[PDB]
Structures are given as structure tokens and as C-alpha cells.
Amino acid sequence: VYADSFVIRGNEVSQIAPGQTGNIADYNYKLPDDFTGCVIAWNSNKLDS
Amino acid sequence: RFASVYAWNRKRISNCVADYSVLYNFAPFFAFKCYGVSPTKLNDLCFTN
């Protein structure tokens with residue numbers, strides 16, 4: 001198994017998907033059409049700001 | 001000013017060559033969702049109006 005960890009704004013979390021839109025899914029990261037895994041997120045505004 | 005939804009406006013576009021890349025120069029698009037056409041391939045199709 002793999003792992004990619006990062007803190008990023010939570011208003012664009014929907015961009016994390018195969019063939020999604022927005023900067024996260026176009027110009028900053030991308031997932032292929034063969035992704036078989038999971039995505040996890042949790043609030044980090046208070047801890048890191 | 002932008003007319004409100006209760007009285008919507010409408011303008012046609014034709015008789016001109018169009019380039020949507022300069023469209024990115026105005027402001028970052030929040031959604032930019034294209035339903036029937038691939039957004040990447042908006043620059044190779046010839047339309048009527």
C-alpha cells in the first residue's frame with residue numbers, strides 16, 4: 001500500500017477524485033481512472049494556522 | 001451591473017473567432033462545469049451561435 005499526506009484547504013476536498021475539476025485535480029495533483037483505494041480527511045484549521 | 005434572475009438577459013455570439021484561453025485571465029472559476037463538451041476541447045469545435 002501507498003500513502004500521500006498533506007494539509008490543504010477543506011473547501012475543495014471534492015476535487016480529490018478520478019477525472020475531477022479545479023486546481024487540485026488539474027494543475028496541482030491528479031488521480032488516474034484506475035484508482036483502487038481510499039481518501040481520508042479531518043479538520044486542521046485550528047491546529048495549523 | 002448584472003441583471004437579476006427575475007429578468008434575465010441574453011446575448012448572442014457569432015461572426016467572430018473566439019479564444020477561451022484569455023477567459024482564464026479574468027478570475028479563477030469556482031465551478032467551471034461543462035456538461036456536454038469536454039472543457040479542454042473547447043478550442044477545436046466550430047459552432048453556429
# chains A, B, ... in the order shown; residues from 1 in each chain; ligands from 1
$ residues_around --residues "range 28-41 of chain B" --least-positions-apart "5" --cutoff "10 Å" --atoms "only C-alpha atoms" --output "number ranges by chain"
A: 12, 21-23; B: 23
$ closest_residue --among "A:13, A:43, A:20, A:1" --to "chain B" --atoms "only C-alpha atoms"
A:20
$ atom_distance --atom1 "CA of residue 25 in chain A" --atom2 "CA of residue 6 in chain A"
14.5 Å
$ residues_around --residues "residue 37 in chain A" --least-positions-apart "6" --cutoff "12 Å" --atoms "only C-alpha atoms" --output "PyMOL selection string"
chain A and resi 1-4+17-18+31
$ closest_residue --among "A:46, A:11, A:16, A:35" --to "chain B" --atoms "only C-alpha atoms"
A:11
$ decode --residues "range 9-46 of chain B" --atoms "N, CA, C and O atoms" --output "compact mmCIF listing (two decimals), in the first residue's frame"
# COMPACT_ATOMS: atom_id res chain seq x y z
N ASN B 9 -30.99 38.40 -18.78
CA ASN B 9 -30.55 38.94 -20.06
C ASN B 9 -30.16 37.80 -21.00
O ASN B 9 -30.14 36.62 -20.62
N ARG B 10 -29.84 38.15 -22.24
CA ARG B 10 -29.44 37.16 -23.24
C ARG B 10 -28.75 37.88 -24.39
O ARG B 10 -29.31 38.83 -24.95
N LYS B 11 -27.55 37.43 -24.74
CA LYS B 11 -26.79 37.99 -25.85
C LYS B 11 -26.21 36.86 -26.69
O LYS B 11 -25.71 35.87 -26.16
N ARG B 12 -26.27 37.03 -28.01
CA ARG B 12 -25.73 36.05 -28.94
C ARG B 12 -24.28 36.36 -29.27
O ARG B 12 -23.82 37.50 -29.15
N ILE B 13 -23.54 35.32 -29.66
CA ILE B 13 -22.15 35.45 -30.10
C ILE B 13 -22.01 34.72 -31.43
O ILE B 13 -22.35 33.54 -31.53
N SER B 14 -21.51 35.43 -32.44
CA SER B 14 -21.30 34.86 -33.77
C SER B 14 -20.48 35.83 -34.60
O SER B 14 -20.14 36.93 -34.14
N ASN B 15 -20.15 35.41 -35.82
CA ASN B 15 -19.43 36.24 -36.79
C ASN B 15 -18.11 36.74 -36.23
O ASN B 15 -17.72 37.89 -36.44
N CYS B 16 -17.41 35.88 -35.50
CA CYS B 16 -16.14 36.24 -34.90
C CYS B 16 -15.39 34.98 -34.49
O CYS B 16 -16.01 33.96 -34.18
N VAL B 17 -14.07 35.06 -34.51
CA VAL B 17 -13.24 33.98 -33.99
C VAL B 17 -13.10 34.14 -32.48
O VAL B 17 -12.97 35.26 -31.97
N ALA B 18 -13.16 33.03 -31.75
CA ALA B 18 -13.19 33.06 -30.30
C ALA B 18 -12.02 32.28 -29.73
O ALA B 18 -11.61 31.25 -30.27
N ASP B 19 -11.50 32.78 -28.61
CA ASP B 19 -10.43 32.11 -27.87
C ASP B 19 -10.79 32.18 -26.39
O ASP B 19 -10.83 33.27 -25.81
N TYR B 20 -11.07 31.03 -25.79
CA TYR B 20 -11.49 30.97 -24.40
C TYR B 20 -10.32 30.93 -23.42
O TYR B 20 -10.55 31.02 -22.21
N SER B 21 -9.09 30.79 -23.91
CA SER B 21 -7.93 30.77 -23.02
C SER B 21 -7.78 32.09 -22.29
O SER B 21 -7.49 32.12 -21.08
N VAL B 22 -7.98 33.21 -22.99
CA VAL B 22 -7.96 34.52 -22.34
C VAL B 22 -9.04 34.60 -21.27
O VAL B 22 -8.94 35.44 -20.36
N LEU B 23 -10.06 33.75 -21.36
CA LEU B 23 -11.09 33.71 -20.32
C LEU B 23 -10.50 33.38 -18.96
O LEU B 23 -11.02 33.83 -17.93
N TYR B 24 -9.41 32.60 -18.93
CA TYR B 24 -8.76 32.30 -17.66
C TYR B 24 -8.11 33.52 -17.03
O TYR B 24 -7.86 33.52 -15.82
N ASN B 25 -7.84 34.56 -17.82
CA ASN B 25 -7.15 35.74 -17.30
C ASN B 25 -8.04 36.59 -16.40
O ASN B 25 -7.51 37.38 -15.60
N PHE B 26 -9.36 36.45 -16.48
CA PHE B 26 -10.25 37.35 -15.76
C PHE B 26 -10.26 37.05 -14.27
O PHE B 26 -9.91 37.91 -13.45
N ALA B 27 -10.67 35.84 -13.89
CA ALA B 27 -10.76 35.47 -12.49
C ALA B 27 -10.74 33.95 -12.39
O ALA B 27 -11.10 33.27 -13.35
N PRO B 28 -10.33 33.40 -11.25
CA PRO B 28 -10.42 31.95 -11.06
C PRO B 28 -11.87 31.50 -11.00
O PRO B 28 -12.69 32.10 -10.29
N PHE B 29 -12.19 30.45 -11.74
CA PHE B 29 -13.56 29.96 -11.81
C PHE B 29 -13.85 29.01 -10.66
O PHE B 29 -13.07 28.08 -10.41
N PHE B 30 -14.96 29.25 -9.97
CA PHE B 30 -15.28 28.45 -8.79
C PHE B 30 -15.72 27.04 -9.17
O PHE B 30 -15.28 26.06 -8.56
N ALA B 31 -16.59 26.91 -10.18
CA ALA B 31 -17.09 25.61 -10.61
C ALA B 31 -16.60 25.23 -11.99
O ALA B 31 -15.93 24.20 -12.15
N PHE B 32 -16.88 26.05 -13.01
CA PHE B 32 -16.43 25.83 -14.38
C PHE B 32 -16.77 24.41 -14.85
O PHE B 32 -15.91 23.64 -15.27
N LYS B 33 -18.05 24.07 -14.76
CA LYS B 33 -18.54 22.74 -15.09
C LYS B 33 -19.12 22.75 -16.50
O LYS B 33 -20.09 23.48 -16.77
N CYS B 34 -18.54 21.95 -17.39
CA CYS B 34 -19.05 21.77 -18.74
C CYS B 34 -19.75 20.42 -18.81
O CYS B 34 -19.16 19.39 -18.46
N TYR B 35 -21.01 20.42 -19.24
CA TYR B 35 -21.81 19.19 -19.17
C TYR B 35 -21.65 18.34 -20.42
O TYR B 35 -21.34 17.14 -20.33
N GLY B 36 -21.84 18.93 -21.60
CA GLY B 36 -21.89 18.13 -22.82
C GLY B 36 -20.64 18.17 -23.66
O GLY B 36 -20.51 17.39 -24.62
N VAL B 37 -19.70 19.06 -23.33
CA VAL B 37 -18.47 19.23 -24.09
C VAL B 37 -17.30 19.14 -23.12
O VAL B 37 -17.37 19.66 -22.00
N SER B 38 -16.22 18.49 -23.55
CA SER B 38 -15.01 18.44 -22.74
C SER B 38 -14.44 19.84 -22.61
O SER B 38 -14.19 20.49 -23.63
N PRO B 39 -14.22 20.34 -21.39
CA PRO B 39 -13.70 21.71 -21.25
C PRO B 39 -12.34 21.92 -21.90
O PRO B 39 -12.06 23.01 -22.42
N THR B 40 -11.49 20.89 -21.90
CA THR B 40 -10.18 21.01 -22.52
C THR B 40 -10.30 21.19 -24.03
O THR B 40 -9.48 21.88 -24.64
N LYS B 41 -11.32 20.59 -24.63
CA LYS B 41 -11.50 20.59 -26.08
C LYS B 41 -12.53 21.62 -26.54
O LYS B 41 -13.32 21.35 -27.44
N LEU B 42 -12.55 22.80 -25.90
CA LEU B 42 -13.43 23.88 -26.32
C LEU B 42 -12.84 24.74 -27.44
O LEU B 42 -13.52 25.67 -27.89
N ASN B 43 -11.62 24.46 -27.88
CA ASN B 43 -10.92 25.31 -28.83
C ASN B 43 -10.77 24.68 -30.21
O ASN B 43 -10.06 25.23 -31.06
N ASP B 44 -11.42 23.54 -30.46
CA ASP B 44 -11.31 22.87 -31.75
C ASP B 44 -12.66 22.56 -32.38
O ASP B 44 -12.74 21.71 -33.27
N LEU B 45 -13.73 23.23 -31.94
CA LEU B 45 -15.07 22.99 -32.45
C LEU B 45 -15.64 24.28 -33.03
O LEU B 45 -15.50 25.35 -32.44
N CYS B 46 -16.28 24.16 -34.19
CA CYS B 46 -16.90 25.30 -34.86
C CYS B 46 -18.41 25.21 -34.68
O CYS B 46 -19.02 24.18 -34.99
